[PDB]
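Engineer: Opening with a subset of the complex:
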Amino acid sequence: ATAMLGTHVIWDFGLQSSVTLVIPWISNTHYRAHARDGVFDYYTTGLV
Amino acid sequence: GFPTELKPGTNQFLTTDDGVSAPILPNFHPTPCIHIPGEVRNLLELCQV
Amino acid sequence: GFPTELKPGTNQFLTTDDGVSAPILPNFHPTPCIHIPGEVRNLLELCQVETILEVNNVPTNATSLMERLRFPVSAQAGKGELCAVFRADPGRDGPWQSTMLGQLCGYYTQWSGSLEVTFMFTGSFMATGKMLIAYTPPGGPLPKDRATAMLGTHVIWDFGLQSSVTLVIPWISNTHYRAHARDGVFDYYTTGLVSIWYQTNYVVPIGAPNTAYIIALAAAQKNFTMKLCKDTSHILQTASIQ
Amino acid sequence: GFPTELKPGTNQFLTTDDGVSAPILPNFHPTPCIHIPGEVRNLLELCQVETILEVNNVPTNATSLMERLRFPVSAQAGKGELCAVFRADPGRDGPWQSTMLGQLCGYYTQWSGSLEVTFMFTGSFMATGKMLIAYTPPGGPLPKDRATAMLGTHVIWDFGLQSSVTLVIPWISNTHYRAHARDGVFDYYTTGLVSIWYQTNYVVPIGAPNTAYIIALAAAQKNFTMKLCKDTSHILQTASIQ
Amino acid sequence: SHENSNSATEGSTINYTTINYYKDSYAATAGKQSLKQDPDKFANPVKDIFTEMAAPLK
Amino acid sequence: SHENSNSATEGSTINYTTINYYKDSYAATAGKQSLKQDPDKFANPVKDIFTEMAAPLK
Amino acid sequence: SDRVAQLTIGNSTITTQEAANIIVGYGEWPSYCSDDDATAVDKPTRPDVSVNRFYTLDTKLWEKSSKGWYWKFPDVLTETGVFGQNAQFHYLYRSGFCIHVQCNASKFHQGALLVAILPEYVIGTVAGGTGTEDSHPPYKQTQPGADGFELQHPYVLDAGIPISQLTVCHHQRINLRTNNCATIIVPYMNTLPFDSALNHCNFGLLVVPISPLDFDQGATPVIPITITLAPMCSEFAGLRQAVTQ
């Protein structure tokens, strides 16, 4: 019920067996560096 | 309040009176007519037989 | 003092009279109208919509009134058996009384034009089969076998991707309009019968259910017309309302 | 003997009937009219005039009925206290019943358009202060504190040379017109609430009076309209007149 | 159309749409008045009018 | 022909043939409506309509 | 070229391979109010992508003996998202909708569902059964939320009206041998150009199995039904504090 609030795609299995979730560019910065545990979690892209 | 005054000949039903009367069914269109043979238009067509 | 004389037809209230009457509020301008969707301009817009026909009007108790909207088809021995039959009279008391055609033709006395029943198969995808849907015009009694019912108008229906077929019951009448049939002198106005016969069979593989159900959907065509408005007869009202 | 037939609607006296009647005096020419000032052509000319709103409708005895036209503002502890609140329903029973809008909208059933309340400060010149005048639209209960009332429409008023401010209660309705609210099913038509909150405080120097009074003045806008004339309800009459 | 002009509105620029079957114009229907207002006669009766966006007491 | 336009059909392209003897148009006769239908509003309310001779689910 | 559909409104997307088509209700596409139909002078806010997107409510289990379920609109979206917060804070509301009902099953499963939209779907009671007690339904049954409420008498739709004539409304079928989705688009239907969302439910969505679900033992018995709906051309006006009901 909470995850439908983000970006999402509803996928129906059928003849076409594949779907694309285009994780879009939603950042405050123009570029983002590599996330890791600590101060650099500021650069995380999210979850899927 | 248009002024009128009722004359005699009023509230009487004369059977041979030909006047306009009130319809019961609005927007009724009756069944169309076909060609039936034998259309009697005048009863004097039948005295000549 | 304009001379007038009162004719008969006076001091009477005819309910179907369309005349000018006295207003109670002067210089009243009513609230302006917005665009609401669904403007019904003619009631014949509503007879062309496909509503469910209660062919299977056998169950009566309140727990089985939803069994009344769909009739079954099963695996038979391939003799050309009979599935179901129903009269094609909308204003009559029967399956059509569960339609918006059979409730609005109750408010009218004389109807004309063609009908159309639209059957829909709600079985498996792996199931196949064939049915004969025959319209037997008047005079024809209940057909005893399929060999006679193919003489009337009929359609052979093959289950597949398209799950639905239309039997256009056509306009075959001596009259231009026809009134509502009922038992007695007015059976002269009956529209006929519609039967459904197993042409081949209902074939099903292993692991799929051996019985299906069909949903009939009834409507009208663009040539349909009604006439001579009345009061509906096939609904009553026990007293002491409120 | 012109043929006519009498329809229903005959030998009845409808009070709101506008027809031609029989004169009693022939060839009477009435006295010519002079220019008198004040020609009222439309009653909506009179709803746009600012009349006093009896917000402080607490006192009841005859000796204190002039205390009913002005409500006070004093020195508080600066917590954002509540001064006064009053419903914005003119046809309802309350402060607006002391207006020429709330007495003429009693002779009508359905009203539309915006209002405007016009508060005026009758304190000293050396006194300063600020007030928040919030219109809380419907659904909103009585606000418990100022933090919620700033969410509605509001005006922040600074006492000074110009002693008066207008809160234009705007037209926020689902309907085009709205009838008169009252307790029950008709609370669906309520216009809202109007509250007055101390923004900062009422500051006063030495030697000036520590309490002031505010006079509210209520009117209507150019978009105001009324409809469906009736009989006024919020005034009665004990019998034995003369 | 000969008829006496003897109603209590003869002598005004107001337009009326009346029906009468008599010679006496005071018998006529009420009709449709002209929809003209003068709100600034009661609501802004000042000698030197002032603008909305301005301060009234300058 | 001065008369108030205050019926519940003023504001529509529908044509009416009415009789009125008053200034109030809500008093008039019902008249003859315009015989216009819109059957595909209830019977074929689909975005992309499909032909009769075609298969509907292609 | 018709069984496939992609519905992209906002930041959400639905992809389907066994579609029927898209029904536009009463031949009308949702729109915003005009300067003539509107009466409120306050400017309305038009949050164009934050509320105009798909929301997934719950999942209902279709069983052999399932009688039906109904959901009132927009009661379903009063505690869900930015729609259910602009509505708590505003007094007015005006939106269309795009409903989407999912029920996927195999090619060895059979059944049907009638997915109809009934405007102003008032709810009745059995009146004590005998018809002598003047009763009214409770609040959990008239505005039941996103969980829905189960129809106790589906033949009369718990309102005295029949299920057979419901095809005069908007509707689609979900026939498990042809399709598994039903896309209905609904404009704003009311006498008023704007209306309150917390008191007035404009329409009701009815999901009724005409043909019962049947399958053979060994297959998948748990067959859910899932409602997924999007506001469209939403508008809000009249801003005050937050109220739940």
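Structural biologist: Here it is on my side, so go on. Residues are numbered from 1 along each chain as shown, chains lettered A, B, ... in the order given.
Engineer: which residues does the residue sitting nearest the centre point of chain G contact?
Structural biologist: Against the mean C-alpha coordinate of chain G, by CA atoms, centre = their mean, the closest residue is residue G:205 at 3.9 Å. Shown in contact with residue G:205 (CB atoms under 8 Å, 6 or more residues apart in numbering or on different chains): G:70, G:71, G:73, G:99, G:115, G:116, G:117, G:227. Using the backbone N, CA and C atoms, a C-beta is placed for each residue, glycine as well.
Engineer: so what's the third one up against?
Structural biologist: In this case it means residue G:73. Contacts for residue G:73 (CB under 8 Å, 6+ apart) come out as G:97, G:201, G:202, G:203, G:204, G:205, G:229.
Engineer: try 6 Å this time
Structural biologist: residue G:203 (CB atoms under 6 Å, 6 or more residues apart in numbering or on different chains).
Engineer: How about the fourth one?
Structural biologist: Under the criterion of CB under 6 Å, 6+ apart, the neighbours of residue G:99 are G:184, G:229.
Engineer: my guess is it is in a strand, correct?
Structural biologist: Yes. With DSSP: H, G, I helix; E, B strand; the rest coil as the criterion, residue G:99 is part of a strand.
Engineer: Would you mind listing what in chain G touches chain F?
Structural biologist: Neighbours of chain F within chain G, by CB under 6 Å from any CB of the partner chain: G:1, G:2, G:21, G:22, G:23, G:24, G:26, G:27.
Engineer: List only buried entries from the residues you listed.
Structural biologist: G:21, G:22, G:23, G:24, G:26, G:27 (16 or more other CB atoms under 10 Å in any protein chain shown).
Engineer: What's the local residue count around residue G:135?
Structural biologist: Counted with other CB atoms under 10 Å in any protein chain shown, the burial measure for residue G:135 works out to 11 neighbours.
Engineer: Contacts only, for the closest residue to chain D within chain A.
Structural biologist: The nearest approach of chain A to chain D comes at residue A:5, 24.1 Å away (CB to the nearest CB). By CB under 6 Å, 6+ apart, the contact list for residue A:5 reads residue G:81.
Engineer: is stretch E:31-46 anywhere near chain C?
Structural biologist: No. Counting by CB under 6 Å from any CB, chain C is not contacted by stretch E:31-46; separation bottoms out at 7.6 Å.
Engineer: Can you name the residues in contact with that stretch?
Structural biologist: So stretch E:31-46 is contacted by D:41, D:42, D:45, D:48, D:49, E:14, E:15, E:16, E:17, E:18 (CB under 6 Å, 6+ apart).
Engineer: now for chain H, put it on the one above:
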Amino acid sequence: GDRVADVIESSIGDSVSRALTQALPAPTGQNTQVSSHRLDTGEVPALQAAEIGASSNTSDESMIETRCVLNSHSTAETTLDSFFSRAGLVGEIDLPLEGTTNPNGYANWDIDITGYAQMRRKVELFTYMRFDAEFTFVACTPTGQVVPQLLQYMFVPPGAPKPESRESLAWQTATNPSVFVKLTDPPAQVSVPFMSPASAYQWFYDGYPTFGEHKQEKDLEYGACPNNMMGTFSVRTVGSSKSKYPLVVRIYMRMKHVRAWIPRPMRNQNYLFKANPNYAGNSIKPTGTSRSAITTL
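Structural biologist: Chain H now in position relative to the chains above:
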């Protein structure tokens, strides 16, 4: 005022109602054209899909071999002004001498046309209706006998003071419209306008009219549309003393200039209360008639 491209290329603020359909003139029924045999592939008009929800577009020129039939049958009797412009009993008021219901020579009747089943079932085919009306009052003794008696029919809009007695003050009808009639004269007859605050009446209101915590006590407000409470109708025997004839007033409402929106399923169960779609639960009648079997008739 617009610089970014995500507001120039926006479909925000489109006020026009994009309609797929167009109302075409249909004065007669549709004419049939001539049709011969077809023995082709791909063209298959008998096969539909009702899962689409749309109805069949199948004509009889596609299913059978037909002839030309110039149909000159009119669609003028299925209009709404031909279906609703038919007066029906919406109310009935009784003015007895001795009794308990109305023993003081006056009677108030809250205007609802949802009190007689035969007129309720027609308007409840639609959910929104906008109409001017034409009421007609038919006063008489219970025995059908007509008497020489004068009456006052006052219309009391909402908010106006309701009359509490025969000799009350509201009967002076300075602003409320009133009608005086003798029972020997024809029935009265007045035309009412569309008097709603809204754009149309609505016989079904799915919702509560007030705000507030909805509890068991204040439950009867469910379904009350106050846009529809058009007021109150009142009757008295004009006099200072009691009358000497018992009366019964019958009210007959005819619509004109009708418009309607959003059709509905029509009812099949028996009504029980006013402004209430309740029904009996143990006695749920089916819509039609039963059979012994499906293969027999």
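Engineer: try the neighbour count of residue G:135 again now we have chain H.
Structural biologist: Around residue G:135 there are 16 residues (other CB under 10 Å).
Engineer: Is it part of a helix or strand, or is it coil?
Structural biologist: coil.
Engineer: right, and it touches residue G:125 too?
Structural biologist: Yes. Counting by CB atoms under 6 Å, residue G:125 is a contact partner of residue G:135 at 4.9 Å.
Engineer: Next, count neighbours for the residue in chain A that chain E sits nearest to.
Structural biologist: Using CB to the nearest CB, the closest approach of chain A to chain E is made by residue A:28 at 41.7 Å. Neighbourhood size, residue A:28 [other CB under 10 Å]: 6.
Engineer: Can you pull the phi/psi pair for it?
Structural biologist: With angles defined as degrees, to the nearest 10, residue A:28 sits at phi -70, psi -40.
Engineer: Locate residue H:122 within the secondary structure: which element?
Structural biologist: helix H:117-123 (DSSP states H and E).
Engineer: is the very next helix or strand once past that helix up against chain G anywhere?
Structural biologist: As assigned by DSSP H and E, the chain's next helix or strand after helix H:117-123 is strand H:126-140. Yes. Against chain G, strand H:126-140 shows contacts by CB under 6 Å from any CB at H:127, H:128.
Engineer: Equivalent analysis for stretch H:16-34, please.
Structural biologist: Yes. Contact between stretch H:16-34 and chain G, assessed by CB under 6 Å from any CB, occurs at H:17, H:18, H:19, H:20, H:21.
Engineer: Now render these as JSON lines, adding distance to residue H:44 and secondary structure.
Structural biologist: What follows is these, written out as JSON lines (distance: CB to CB, whole Å; DSSP: H, G, I helix; E, B strand; the rest coil):
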{"residue": "H:17", "distance to residue H:44": "35", "secondary structure": "coil"}
{"residue": "H:18", "distance to residue H:44": "32", "secondary structure": "coil"}
{"residue": "H:19", "distance to residue H:44": "30", "secondary structure": "strand"}
{"residue": "H:20", "distance to residue H:44": "25", "secondary structure": "coil"}
{"residue": "H:21", "distance to residue H:44": "26", "secondary structure": "coil"}
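Engineer: Could you report the neighbour count for residue H:144?
Structural biologist: 7.
Engineer: centroid residue for chain A?
Structural biologist: Nearest to the geometric centre of chain A sits residue A:23, at 4.4 Å (CA atoms, centre = their mean).
Engineer: From chain B, how far out is that residue?
Structural biologist: Applying CB to the nearest CB, to the nearest Å, the value for residue A:23 to chain B is 65 Å.
Engineer: Return the distance of that residue relative to residue A:6.
Structural biologist: 11 Å (CB to CB, to the nearest Å).
Engineer: go ahead and place chain I:
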Amino acid sequence: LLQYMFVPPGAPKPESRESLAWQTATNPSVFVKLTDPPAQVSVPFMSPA
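Structural biologist: If we add chain I to the chains shown above, we get the following:
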């Protein structure tokens, strides 16, 4: 006072004085007093043929 109801075929015939069909919502009806002139209505051609 009297009521003259026209009941077309199929419409429910009234079984009593206080029945339900006399509400004349679609059936045409005529109310008349015996002291007034005779009633008078014009009927159309109403046949299916």
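Engineer: ok chain I is in now, so what about the contacts of residue G:205?
Structural biologist: With CB under 6 Å, 6+ apart, residue G:205 has these contacts: G:71, G:117.
Engineer: where's it, which helix or strand?
Structural biologist: Using DSSP H and E, residue G:205 falls in strand G:203-208.
Engineer: now swap in residue G:48 and tell me
Structural biologist: Using DSSP H and E, no helix or strand contains residue G:48.
Engineer: For it, which non-adjacent residue is closest in space?
Structural biologist: residue H:12 (5.7 Å; CB to CB, 6 or more residues apart in numbering or on different chains).
Engineer: Wait, a strand at that neighbour?
Structural biologist: No. Counting by three-state DSSP, residue H:12 falls outside a strand, being coil.
Engineer: Give me the number of neighbouring residues for it.
Structural biologist: So residue H:12, with other CB under 10 Å, has 10 neighbours.
Engineer: for residue G:9, same thing?
Structural biologist: 15.
Engineer: Bridging across strands, which residues link to the closest residue to it other than its chain neighbours?
Structural biologist: Nearest residue to residue G:9, sequence neighbours excluded (CB to CB, 6+ apart): residue G:230, at 5.3 Å. For residue G:230, the beta-bridge partners under DSSP bridges are residue G:98.
Engineer: Ok, residue G:208 next?
Structural biologist: With DSSP bridges as the rule, residue G:208 is bridged to residue G:114.
Engineer: That one: what's it in contact with?
Structural biologist: G:68, G:114, G:154.
Engineer: Likewise for residue G:29?
Structural biologist: Contacts of residue G:29 (CB under 6 Å, 6+ apart): residue H:18.
Engineer: Could you check how far it is from chain I?
Structural biologist: 37 Å.
Engineer: ok, now residue H:67?
Structural biologist: Taking CB to the nearest CB, one finds residue H:67 at 20 Å from chain I.
Engineer: For residue 38, the count of nearby residues, please.
Structural biologist: By default, I'm working from chain A. Residue A:38: 7 neighbours (other CB under 10 Å).
Engineer: switch to chain G, that's the one I care about
Structural biologist: For residue G:38, using other CB under 10 Å, the count is 19.
Engineer: Just give the number of residues close to the residue nearest to it when sequence neighbours are not counted.
Structural biologist: Excluding the flanking residues, the one nearest residue G:38 by CB to CB, 6+ apart is residue G:193, at 5.6 Å. Residue G:193 has 23 neighbours, counted by other CB under 10 Å.
Engineer: Next, residue G:193: secondary structure please.
Structural biologist: Per three-state DSSP, residue G:193 ends up coil.
Engineer: Wait, it touches residue G:37, no?
Structural biologist: Yes. With contacts counted by CB under 6 Å, residue G:193 reaches residue G:37, the gap being 4.7 Å.
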